[PDB]
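First up is the structure itself, then whatever we jot down about it.
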2 protein chains.
Amino acid sequence: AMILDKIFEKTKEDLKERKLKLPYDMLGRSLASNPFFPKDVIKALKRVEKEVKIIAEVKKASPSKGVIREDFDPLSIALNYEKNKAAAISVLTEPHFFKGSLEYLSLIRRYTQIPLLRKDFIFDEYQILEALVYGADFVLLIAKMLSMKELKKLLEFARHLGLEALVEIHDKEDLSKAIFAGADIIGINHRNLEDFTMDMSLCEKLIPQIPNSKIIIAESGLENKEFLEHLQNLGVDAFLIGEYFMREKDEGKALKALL
Amino acid sequence: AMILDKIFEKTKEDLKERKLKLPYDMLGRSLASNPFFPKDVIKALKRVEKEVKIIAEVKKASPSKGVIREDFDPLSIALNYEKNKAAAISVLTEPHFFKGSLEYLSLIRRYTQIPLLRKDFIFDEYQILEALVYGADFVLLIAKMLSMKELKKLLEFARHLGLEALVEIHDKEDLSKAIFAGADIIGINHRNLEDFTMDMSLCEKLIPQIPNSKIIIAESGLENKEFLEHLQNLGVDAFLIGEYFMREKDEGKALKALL
Ligand SMILES: [Cl-]
Ligand SMILES: [Cl-]
Ligand SMILES: [K+]
Ligand SMILES: [K+]
């Protein structure tokens, strides 16, 4: 009488309704430590008119520049970023080269009400489960460092935990990977990942190849409002900016000036 | 190719150490509401000598029998099971045919200190994330209901949340799926889930095909102590028993009598 088939079919139809009442992105994240309720990453980053959306980055050091800010208070930085209308906050959690910490993400989560990006070098599901538990809303994935199969797997794992992902790209090969893997958010990074050189025309070159459905982020070498508006005109949604703010005494004042 | 390869190599080294200090199974199940700390599923179920290890099942109704217990108090049942030395508790969460509930799992989790099995009809990552959040320590996967690739995908997802999986088999094709998926807890179900017929010689046929290092569970039609000893002699580790306890007046005393 095929009882198992009948039970499966009923369970399938009921599962559709459960997901509408409690989506993936609320099921997993609601047990992280948001002070109130998890925020919509896509809505936070999607530009609606000409408003300046900035993912502001908590970054003490960089491989190429060394220590960027000697007096580093990641909680204070995060609060000033949100106070000054950041769309989201990127938290460096890589410890050895960037002098970040996964604990910074957990501490920042408890006192912020905008999406948080775990900025790290992710290649394994454990790191994405960490990001969920420690309070990230989306994770960085680097297309150059991952095979097509591995990237798609990690994107899928993130989605099944309720996390979005920023997929960083540097060229057309990277972009082809990101699109085929199903990335929703594409970050065009102006800085070369080996030589730290800058190609500041990369958005002109790559945006014409990005599908309509994607959020486009620009990262690196951003320190002037006029250039941000130029990138907006090319179709950029939001901007990931770190060192420019961390170089300044008042990182909140530097963020405000770019809006 | 320089700095990004260096960063990735140090991150991989650090990740090995981190996993030893906070395994997958502790990182994720910290999200759940264990009273104290998450329990080791394998050690709970592995038979060391000839001790009787029972996964006692909280089950109101079944497709073949109708309502088994009209006066159904899932929390009281679970407490009575743990009091009488159950190795673990199986919570039926399927609501339509078994009259279980996902909320029973969450309620039972707050007042129990032994592993909990989510017993349901699982075919999607969302249901396994549910099992994590709601307090399960392992999940039921039915090999007859899943393709070989899909069974491995869901088992891996459970593993990446820190959950074990009881992979239920009824024949050699089911076993071949379980082997491809890498299951280490294998349940031999005497009951045919399509027509609800019963094969009580199934352990004798299938156990020689299973490495004895796996955890072998026997399921269905288990009602007398003497047959359990026979099944232990064949190499069964632990026994999943529901209806026999639920149709008794004092399920705790019925469980104690089988030890
Ligand atoms: Cl706190
Ligand atoms: Cl409570
Ligand atoms: K605190
Ligand atoms: K309660």
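By convention here, the chains of the structure tokens are called A, B, ... in the order presented, each chain's residues are numbered starting at 1, and ligands are numbered starting at 1 in the order presented.
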
Task: Site check for ligand 1: residues at most 9 Å away, only C-alpha atoms and all ligand atoms, as JSON, numbers by chain - done: {"A": [33, 107, 110]}

- [ ] Residues within 12 Å of ligand 3, counting only C-alpha atoms and all ligand atoms: report them as a list in words.
- [x]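 What falls inside 12 Å of ligand 3 is residues 33, 35, 75, 103, 104, 105, 106, 107, 108, 109, 110, 111 and 112 of chain A.
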
Open item on the list: Set the cut-off to 8 Å and count only C-alpha atoms: what are the residues of chain A that reach chain B? Output as an MDAnalysis selection string.
Closed with: chainID A and resid 1:5 7:8 11 24 27:28 31:32 63 97 121 125:126 129:130 133 157 160:161 193:195

- [ ] Give me every helix (DSSP H, G or I) residue in region 9-255 of chain A, going by DSSP on the backbone, as a PyMOL selection string.
- [x] chain A and resi 9-21+24-27+29-31+41-45+74-83+102-109+125-134+143-145+148-160+172-181+202-209+225-234+243-247+251-255

Open item on the list: Need to verify the contact set: residue 172 (chain B), 9 Å, only C-alpha atoms, exclusion of same-chain residues closer than 5 positions in sequence. Can you return it as a PyMOL selection string?
Closed with: chain B and resi 177+206+209

Restricting it to N, CA, C and O atoms, dump the selection as an mmCIF file, in the first residue's frame.
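Once everything was written out, this is part04.cif:
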data_model
loop_
_atom_site.group_PDB
_atom_site.id
_atom_site.type_symbol
_atom_site.label_atom_id
_atom_site.label_comp_id
_atom_site.auth_asym_id
_atom_site.auth_seq_id
_atom_site.Cartn_x
_atom_site.Cartn_y
_atom_site.Cartn_z
ATOM 1 N N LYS B 177 23.796 1.762 -0.180
ATOM 2 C CA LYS B 177 23.679 3.205 -0.037
ATOM 3 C C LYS B 177 24.347 3.669 1.251
ATOM 4 O O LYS B 177 25.077 4.667 1.262
ATOM 5 N N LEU B 206 21.823 -9.700 7.342
ATOM 6 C CA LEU B 206 22.537 -8.483 6.961
ATOM 7 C C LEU B 206 23.796 -8.224 7.778
ATOM 8 O O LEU B 206 24.768 -7.675 7.235
ATOM 9 N N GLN B 209 27.348 -8.678 6.586
ATOM 10 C CA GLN B 209 27.761 -7.756 5.543
ATOM 11 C C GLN B 209 28.148 -6.387 6.086
ATOM 12 O O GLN B 209 28.496 -5.504 5.297
#

Open item on the list: Rounded to one decimal, what separation in Å do you get between CA of residue 254 (chain A) and CA of residue 114 (chain A)?
Closed with: 18.8 Å

TODO: Name the residues of region 9-150 of chain A that come out as strand (DSSP E) in a backbone DSSP run; write them as an NGL selection string.
DONE: :A and (53-58 or 61-62 or 66-67 or 88-92 or 116-119 or 138-142)

Open item on the list: Set the distance at 12 Å and use only C-alpha atoms: which residues neighbour residue 83 (chain A) once local chain neighbours fewer than 6 positions away are removed? I'd like the list as an MDAnalysis selection string.
Closed with: chainID A and resid 56 76:77 89 111:114 251:253 255:256

Open item on the list: As an exercise, work out the distance from CA of residue 240 (chain B) to CA of residue 151 (chain B) in Å and give it to one decimal place.
Closed with: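 Taking CA of residue 240 (chain B) as the start and CA of residue 151 (chain B) as the end point, the length is 21.0 Å.
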
Open item on the list: Just to confirm, what's the straight-line distance from CA of residue 244 (chain A) to CA of residue 91 (chain A) in Å (one decimal)?
Closed with: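 One can read the CA of residue 244 (chain A) to CA of residue 91 (chain A) distance as 15.2 Å.
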
Within 10 Å of residue 213 (chain B), counting only C-alpha atoms, which residues qualify if same-chain residues fewer than 4 places away don't, as an mmCIF file with C-alpha atoms, in the first residue's frame?
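Final output, saved to around-v7.cif:
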data_model
loop_
_atom_site.group_PDB
_atom_site.id
_atom_site.type_symbol
_atom_site.label_atom_id
_atom_site.label_comp_id
_atom_site.auth_asym_id
_atom_site.auth_seq_id
_atom_site.Cartn_x
_atom_site.Cartn_y
_atom_site.Cartn_z
ATOM 1 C CA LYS B 46 28.347 1.152 21.435
ATOM 2 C CA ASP B 184 28.724 4.402 11.006
ATOM 3 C CA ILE B 185 25.363 3.888 12.747
#

If you count only C-alpha atoms, which residues fall within 8 Å of residue 60 (chain A), apart from same-chain ones fewer than 3 positions away, as a compact mmCIF listing (two decimals) with C-alpha atoms, in the first residue's frame?
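Output file part.txt follows:
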# COMPACT_ATOMS: atom_id res chain seq x y z
CA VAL A 67 49.52 47.31 11.37
CA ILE A 68 47.06 49.94 10.11
CA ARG A 69 45.72 51.11 13.48
CA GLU A 70 47.86 50.71 16.60
CA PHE A 72 42.54 49.03 17.97
CA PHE A 98 45.18 40.76 9.79
CA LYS A 99 45.33 40.54 13.62
CA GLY A 100 41.60 39.86 13.76
CA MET A 246 41.25 52.71 10.02

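With only C-alpha atoms taken into account, the protein and nucleic acid residues at most 8 Å from residue 164 (chain A) (excluding it and anything under 2 positions from it in its own chain) are residues 41, 137, 138, 139, 155, 158, 159, 162, 166, 184 and 185 of chain A.
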